[PDB]
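Examination of the molecular architecture
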Amino acid sequence: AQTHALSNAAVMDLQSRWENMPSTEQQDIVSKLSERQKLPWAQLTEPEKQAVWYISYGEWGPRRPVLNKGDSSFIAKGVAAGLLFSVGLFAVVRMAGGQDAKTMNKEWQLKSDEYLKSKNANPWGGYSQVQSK
Amino acid sequence: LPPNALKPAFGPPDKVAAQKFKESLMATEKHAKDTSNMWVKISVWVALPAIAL
Amino acid sequence: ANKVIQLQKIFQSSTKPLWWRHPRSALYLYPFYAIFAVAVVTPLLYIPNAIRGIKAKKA
Amino acid sequence: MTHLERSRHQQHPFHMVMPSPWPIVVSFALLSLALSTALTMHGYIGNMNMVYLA
Amino acid sequence: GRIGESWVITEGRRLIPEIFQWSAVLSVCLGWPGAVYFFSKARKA
Amino acid sequence: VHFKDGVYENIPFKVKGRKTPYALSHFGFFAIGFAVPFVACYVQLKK
Amino acid sequence: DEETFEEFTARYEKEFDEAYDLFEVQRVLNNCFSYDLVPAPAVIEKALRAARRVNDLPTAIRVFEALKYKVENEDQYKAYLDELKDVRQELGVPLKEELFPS
Amino acid sequence: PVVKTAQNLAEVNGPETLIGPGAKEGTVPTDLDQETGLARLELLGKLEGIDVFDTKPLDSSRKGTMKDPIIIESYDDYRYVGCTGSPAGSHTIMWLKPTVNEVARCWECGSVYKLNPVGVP
Amino acid sequence: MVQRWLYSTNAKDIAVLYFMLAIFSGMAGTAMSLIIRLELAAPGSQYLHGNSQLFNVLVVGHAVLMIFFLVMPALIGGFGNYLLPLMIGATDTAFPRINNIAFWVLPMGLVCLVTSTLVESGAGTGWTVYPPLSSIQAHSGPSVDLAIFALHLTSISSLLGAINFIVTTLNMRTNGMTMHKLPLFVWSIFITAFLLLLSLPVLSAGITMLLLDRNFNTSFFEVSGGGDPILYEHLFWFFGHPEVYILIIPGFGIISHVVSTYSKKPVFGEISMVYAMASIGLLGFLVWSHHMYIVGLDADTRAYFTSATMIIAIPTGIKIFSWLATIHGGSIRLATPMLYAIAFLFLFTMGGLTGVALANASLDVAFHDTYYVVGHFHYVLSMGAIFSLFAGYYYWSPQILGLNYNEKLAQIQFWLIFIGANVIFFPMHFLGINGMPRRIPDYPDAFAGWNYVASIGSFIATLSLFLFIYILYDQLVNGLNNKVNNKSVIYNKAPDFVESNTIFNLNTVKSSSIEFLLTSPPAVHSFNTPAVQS
Ligand code: HEA
Ligand code: HEA
Ligand SMILES: CCCCCCCCCCCCCCCC(=O)OC[C@H](COP(=O)([O-])OCC[N+](C)(C)C)OC(=O)CCCCCCCCCCCCCCC
Ligand SMILES: [Cu+2]
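Residues numbered from 1 in each chain as written, not as in the entry; some residues may be left out. Chains lettered and ligands numbered in written order. Part of a larger assembly, values for the part shown. Heavy atoms only, no water.

**Focus: the overall build of chain D**
For chain D, the count of helices and strands is 3 helices and 0 strands. When the helices and strands of chain D are read in sequence order from the N terminus, they spell out α-α-α. For 54 residues, the compact-globule estimate of 2.2 N^0.38 gives 10 Å, and chain D exceeds it by more than 25% at 22 Å. Structurally, chain D occupies a C-alpha span of about 65 × 15 × 15 Å along its principal axes. In chain D, which comprises 54 residues, the proportion classed as buried is 41%. Within the structure as shown, chain D displays about 3,200 Å² of accessible surface, and the carbon and sulfur contribution to it stands at 71%. (Helix = DSSP H or I, 4+ residues; strand = E, 2+ residues; numbered from the N terminus. Rg over C-alpha atoms; globule rule 2.2 N^0.38 Å. Buried < 20%, exposed > 50% of the residue type's maximum accessible area, 1.4 Å probe, protein only. Areas by Shrake-Rupley, 256 points an atom, 1.4 Å probe, with all protein chains shown as cover.)

Structural data, given as structure tokens:
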């Protein structure tokens, strides 16, 4: 019946949390808002303009971005956990396998670089090839 | 005569496309027959004696 | 010929598989594959069962 | 009646083909032939008649 | 009426942070192998 | 072929049935996948 | 690329002339903002008049925000100031002084 | 049960009910009623002036407003038809999803479409 | 399930079978390459005590399954038969028995490879089958014959798939679609069909003569009789070079589609890009012997081949500029398929330019048959196959099956697999530039740390794949619960920032692909009346 100055709990509820209220009074409130909008503006009050802007602009549903309200923190935590799990699994499997190599030890590398100096190989480079204990 | 409530898939009317398609079919058949006869004639004329030689 | 239209009508009336053309041949060929191929592929892995297990571990 | 059936079978030149076992049987035949030839040319059994039957 | 820019002001103030950030990104992406080389006993250190 | 709703028939799975809560089949998929590498390693050598 | 503004401008006013509802208004507004062509104050006034005809002030809020930030335009301001004040005080659609301090 | 002449396309019931009588020896039968399959439905039609699978585009020139929305004939519940502007190719290739109850619009083209199916029981 | 699945004749019901086979093969191959990398972490027999033939057979299986058994059924077969007939609007593809026989001819290839690896003989001649190493002189046993039959059946399946694609595209295309407005992915798959058609017979014949040489006590290419294997290696390279384009071009099509839809703008001169792919496909045959600079052919031939390679490089750069213009000046939503596309356009481009540098006639003296070439092709294989498959899955999965996926899980998965792939494949170029050999279970003690970092990256990648299969499980089990809540995005298209959300209810999913305008997957024989474009 073209109610005037709809100053009730509905407008503050709409501006505070829209998705929370159970998607049933939405039709009634938008119908009332449009019915008011049929008549000339006559300087709409703050809650009504805020409500229609909130309904029409977004920040909900379709306008909700792929990035949520802080799930990037979850993404970072998950990727950190994934790296930690991968490195731990590789460490434990390599420990289980063990090492059975008779080189990479210091004496082999020192003898190798001694022979390299004797034969004068790679003078303008790195004579040290150890890479391990 | 099967029933049809509104239309029996009439589609486009009987335009000049019917005789165009008939002419295309007869032209294709005549072309095939003519090329077969001409190839047979040129084969029996020159190609077959050359092949035999 | 004198049997094409009648056979087509019978096939349309009786929408059944096997196409009605070679039922005896199908019944002859169905068990042959199971009898032959399975019994010839079982040795392929049955015989090397004792052969399998060559670790060839060296230290 | 004619229009609906013409539209439903016109652009559909593919029959409602039954559960035809042709692909599985032909694949089975090729695999049997391949493994039989591999086992016969160089393997444990030099049988020739049954691979010919395959 | 050429209000404000004078392209140079906003141009520099906007690209300089971006080019610095990209240079830092490339420096990290080239120094992580360098970080591995430093951390590993490359010189028995 | 027109008797399927178009929801879960596109996968050879079945929610209904206590034989497998999509866990026995998923573990079996891991098993059949990890068969070839480990058996290939094991047949001529150790894991 | 050597394209006249007058033809597309007149197309815009002609489209807004028969604005039965908000759908064609929205599509034509999106098309106008699709080009690099910065809308003239005349087409903006025509768009606001059509929005008044279809009675949706939030559409006016959206278009005002778009005019405020559509392209850098070397960060021109006084052009935006006049292009907003003329259409604010031509008839009166008070919307900008509310969403900003909220 | 027996051969059917099927001279007219409005007297054939059952696609497989017609095979097409032929000739064993003598002269070749004419390509009118001797074809196996639904090929006769198109070949005899195009012999008499009936085409199959029309490629004629809809009224691209008409904008299809609410007063006179364009009409597409499709007895199915749904349809996949759209607009490409007034000329052949003007804007991005696009199509709509018309339905029996409500309507759809071409967005940037603004061409309102409507689904018009034939009457069904 | 046998009555409808094992005996299917539907492209709709066979695309999912293709996908399942592809994912199973991919996960098995990743585990097996995990084994390969793990035994190569340090010099010595850390995990493979002797039997280098076993390592060689493992390498052959890895390469063969990656090339012919994993990616070919996925984007060529699996994506083609579920996208091309759907985009056309035809109810069903022509003669689906071709698709069924192409599908069912795969698995015995897998069983023959597994039983060939099981026996002591094995196929340890590399994925290449260059003679006489694959003949009875060196490698005996049925393993070679089993691998030959496996490649033959894969080739037959690929040929049948190309047959179906060609006939569907050319004979029963919808009236609305024409030559001048045909989309990009179907053009890509059609050009790939041309290349596959013109490439399969040479491999078929050459490998048939190799089998005949192994059997008939003869030798056409082996020296035992006067033959030369160089001719067969020309034939094999003539087949192989179009193969990478075959596996990369549908990737180009899908990447073009996803960037065009995610930029909210149309394509940038579709005629130019389709000309680019056509030129690539036509020019792929001019470098038949560009991979074999090592012999020492005439300088004019080498110059001609390097000129052909530098000519081939141009359309790829033009197409890259085309994507760059497509993404330029458009709205951007940072959704995961866009992340895959960006990773592609970066790393694939870097790999391709490195290959262009390598394409020099005289530069094979330091890089050919080394770790540099493996670092080269691993780049492009990962970008155009792995990431392209991930993008296609995360881009059509919500509609082709109706089941959504966790966006957070997708993001973490992309990050993990991207960093793993980078840290795996980057050091391989440093190994190659030194001049290290290839296909050796044991290596000198110079580049141990690079092998260790490759191993840890491989573990990261396999953990990422485990997370990915868990994501598949979660999507298959909790799609309904994920749709209702905010765990995933239900509209890949956010409304334009001029329009209200209430009008958006009628504007849910609008793009340039028909299957997106479809509802939940209907019955197989859908599309009662073909679509018409005005
Ligand atoms: C699909 C192509 C593909 C893929 C994914 C891979 C994956 C990997 N490859 Fe391989 N490789 C080849 C194609 C591929 N490779 C080819 C053709 C050869 C030739 C053999 C030769 O040169 O002689 C080869 C050879 C080859 C060698 C040569 C070994 C030797 O010299 O003998 C090495 C080792 O250096 C190696 C390493 C790796 C590693 C660490 C991965 C890791 O990335 C593994 C971890 C996996 C990934 C990070 C990708 C995920 C894979 C999937 C399947 C995802 C599943 C889901 C979908 C598919 C949707 N590869
Ligand atoms: C996905 C598969 C794939 C793809 C897409 C490619 C793409 C390319 N490849 Fe590669 N290649 C392989 C897979 C692939 N390759 C495999 C498996 C081998 C065998 C390894 C083995 O034998 O073990 C191989 C081997 C190989 C060799 C020989 C190395 C060897 O194996 O010993 C060479 C060099 O001639 C080469 C070059 C190229 C080039 C120039 C491209 C280009 O087409 C890349 C296209 C992209 C670009 C070129 C980017 C566009 C560039 C610009 C932005 C313009 C800049 C340049 C100009 C001015 C035009 N490839
Ligand atoms: C050699 C390997 C090194 C490895 C070093 C690893 C460092 C640790 C990981 C850092 C990864 C950076 C991205 C983190 C993910 C993320 O959420 O980024 C966005 C956040 C935004 O903030 P938020 O995390 O959402 O929290 C908001 C809190 N409110 C708003 C309520 C006050 O914004 C931020 O997180 C800050 C902005 C990101 C700037 C990136 C550039 C780099 C400089 C960062 C400087 C601060 C952080 C580092 C300090 C030591
Ligand atoms: Cu090549």
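**Side note on the overall build of chain F**
Each helix and strand in chain F was counted, giving 1 helix and 0 strands. In terms of overall dimensions, chain F has a C-alpha envelope of 50 × 25 × 10 Å along the principal axes. Relative to its full complement of 47 residues, chain F shows a buried share of 32%. When the accessible surface of chain F is totalled, it reaches about 3,200 Å², and 71% of it is carbon and sulfur.

**Overview of the UniProt feature "transmembrane region" in chain F**
When the UniProt feature table is mapped onto this chain, "transmembrane region" is found at residues 25-46 of chain F. The span residues 25-46 of chain F is 91% helical and 0% strand by assignment, and the distance between its end C-alpha atoms comes to 28 Å. (UniProt positions renumbered as here; feature names shortened; annotations may be inferred.)

**Some remarks on the coordination of the iron atom of ligand 2**
Of the protein atoms, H376 of chain I (NE2) alone serves as a donor to the iron atom of ligand 2, at 2.4 Å. By secondary structure assignment, the location of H376 of chain I is in helix α14 (residues 371-400). (Donors = N, O, S within 2.8 Å, 3.2 Å for Na, K, Ca; no water.)

**Focus: the site of ligand 2**
Residues and elements named next belong to chain I. Neighbouring ligand 2 are 25 residues; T316, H368, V373, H376 and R438 lie closest to it. Take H376: an N or O atom from its side chain is 3.0 Å from a nitrogen atom of ligand 2. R438 places a polar side-chain atom, nitrogen or oxygen, 2.6 Å from an oxygen atom of ligand 2. Among the secondary structure elements, those contributing two or more residues to the shell around ligand 2 are α9 (229-262), α11 (299-327), α12 (336-358) and α14. In terms of residue class, the shell around ligand 2 is made up of 15 nonpolar, 8 polar and 2 charged. (Near = heavy atom within 4 Å. Polar contact = N/O pair within 3.5 Å; in protein donor to acceptor, adjacent residues only side chain to side chain. Nonpolar A, V, L, I, M, F, W, Y, C, P; charged D, E, K, R; others polar.)

**Comments concerning the coordination of the iron atom of ligand 1**
Residues and elements named next belong to chain I. Only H62 (NE2) and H378 (NE2) from the protein reach the iron atom of ligand 1 as donors, at distances of 2.2 to 2.3 Å. Viewed at the metal, the 6 donor atoms of the iron atom of ligand 1 are separated by angles of 73 to 176°, and the geometry they form is irregular. In this pair, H62 is assigned in helix α3 (residues 52-78) and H378 in helix α14, connecting sequence segments 316 residues apart. (Tetrahedral: all angles 85-135°; square planar, octahedral: opposite > 155°, others 65-115°.)

**Brief notes about the interface of chain H and chain D**
How big an interface is tends to be expressed through the accessible area that disappears when the partners come together. At the interface, 7 residues of chain H touch 7 residues of chain D. Summing both sides of the interface, chain H and chain D together bury roughly 700 Å²; the carbon and sulfur share of this comes to 59%. Counting the surface chain H buries against chain D, the share from its top three residues, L38, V52 and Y75 of chain H, is 53%. Where chain H touches chain D, the interface holds 0 salt bridges. On the surface where chain H and chain D come into contact, there are 2 residue pairs in polar contact. Within the side of chain H that touches chain D, the residues separate by chemical class into 5 nonpolar, no polar and 2 charged. (Contact = heavy atoms within 4.5 Å. Buried area = accessible area lost by both parts, 1.4 Å probe. Salt bridge = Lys/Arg side-chain N within 4 Å of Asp/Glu carboxyl O.)

**Observations regarding the packing of aromatic side chains**
In the structure shown here, the tally under the stated rule is 54 aromatic pairs over all chains. Seen from their ring centres, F13 of chain F and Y22 of chain F are 5.2 Å apart, and the 45° between their planes marks the pair as tilted. Aromatic pair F367 of chain I and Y372 of chain I: ring centres 4.2 Å apart, planes at 10°, arrangement stacked. Each member of the pair, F367 of chain I as well as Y372 of chain I, is classed as buried. What links up through ring pairs into an aromatic cluster is the set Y340, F387, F390, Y393, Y394, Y405, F414, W415, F418 and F468 of chain I. Over the ring of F527 of chain I we find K12 of chain I; its NZ or CZ atom is 5.6 Å from the centre of that ring. (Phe/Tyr/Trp six-rings, centres within 6.5 Å; stacked < 30°, edge-to-face > 60°. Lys NZ or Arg CZ within 6 Å of the ring centre and 35° of its normal.)

**Points about unusual backbone geometry**
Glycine aside, a negative phi is what most residues show, and trans is what most peptide bonds show. In this structure, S6 of chain E follows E5 of chain E across a cis peptide bond, with omega equal to 0°. Looking at where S6 of chain E falls in the secondary structure, it is placed in the segment before α1 (8-39). Looking along the chain, the bond that leaves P131 of chain I and enters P132 of chain I is cis, with omega of -5°. Position of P132 of chain I relative to the elements: it lies in the loop between α6 (107-118) and α7 (143-171). If you check the backbone angles, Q43 of chain A has positive phi at about 60° while not being a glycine. Counting through the fold element by element, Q43 of chain A comes out in the loop between α2 (26-38) and α3 (46-57).

**Focus on the environment of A15 of chain I**
All names here are of chain I. Among the structural elements, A15 can be located in helix α2 (residues 11-39). Residue class for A15 comes out buried when judged on its relative accessible area of 3%. As for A15 and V111, which are separated by 96 residues in sequence, their C-alpha atoms are 22 Å apart. For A15, the residues in contact, after removing those within four places along its chain, are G78, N81 and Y82.

**Quick look at a positive patch on the surface**
Taken together, the side chains of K106 and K133 of chain A together with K41 and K44 of chain E present a region of like positive charge at the surface. With respect to the element layout, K41 of chain E can be found in the segment after α1. The exposure class of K41 of chain E is partly exposed, given its relative accessible area of 36%. (Patch = residues over 30% accessible without salt bridge, like charges linked within 9 Å, V, L, I, M, F, W, Y side chains within 5 Å. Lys, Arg positive; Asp, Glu negative; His and termini not counted. Charge placed at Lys NZ, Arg CZ, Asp CG, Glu CD.)

**A few points about the environment of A31 of chain F**
All names here are of chain F. Inspection of the secondary structure assignment puts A31 in helix α1 (residues 24-44). A residue is classified by how much of its surface remains accessible, and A31, at 49% relative accessible area, is partly exposed. Residues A31 and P21, 10 residues apart in the sequence, show an inter-C-alpha distance of 17 Å.

**Remarks on the interface of chain I and chain F**
Across the boundary between the two partners, chain I contributes 38 residues, which contact 32 residues of chain F. Summing the contributions of chain I and of chain F, the shared interface buries around 3,000 Å²; its carbon and sulfur component is 71%. Ranking the residues of chain I by area buried against chain F places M20, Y473 and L476 of chain I at the top, with a combined share of 16%. In this structure, the connection of chain I to chain F is made through 0 salt bridges. Along the contact surface separating chain I from chain F lie 5 residue pairs in polar contact. Looking at the side of chain I that touches chain F, the elements with two or more residues in it are α1 (2-6), α2, α6 and α16 (448-484) of chain I. If you tally residues by element for the side of chain I that touches chain F, the top one is α2 of chain I, at 10 residues.

**Focus on helix α2 (residues 22-41) of chain D**
Note on helix geometry: an α-helix contains 3.6 residues per turn, so any two residues three or four positions apart are oriented the same way. Between its first and last C-alpha, α2 of chain D extends 28 Å over 20 residues, near the 28 Å set by a 1.5 Å rise per residue. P23, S27, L31, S32, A34, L35, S36, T37, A38, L39 and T40 of chain D are the residues of α2 of chain D that are buried. Those residues of α2 of chain D that are buried lie in contact with α2 (23-46) of chain C, α3 (49-53) of chain D together with α5 (97-104), α6 and α7 of chain I. (Expected span 1.5 Å × (residues − 1).)

**Looking at the nonpolar core**
In this structure, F387, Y394 and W396 of chain I are the most contacted members of the largest nonpolar core, which totals 133 residues. A per-element tally of this core places α14 of chain I first, with 17 residues. If we ignore the near neighbours within four places in the chain, the residues touching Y394 of chain I are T336, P337, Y340, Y405, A410, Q413, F468 and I471 of chain I. Among the nonpolar cores identified, the runner-up in size contains 27 residues, and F16, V25, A47 and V54 of chain G belong to it. (Core = buried A, V, L, I, M, F, W, Y, C linked by side-chain atoms within 4.5 Å.)

**Section: α5 of chain I**
The element α5 of chain I is extensively covered by neighbouring structure, given that 6 of its 8 residues are classed as buried. Of the residues making up α5 of chain I, those classed as buried are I98, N99, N100, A102, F103 and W104 of chain I. Against the buried residues of α5 of chain I lie α2 of chain D together with α1, α2, α6 and α7 of chain I.

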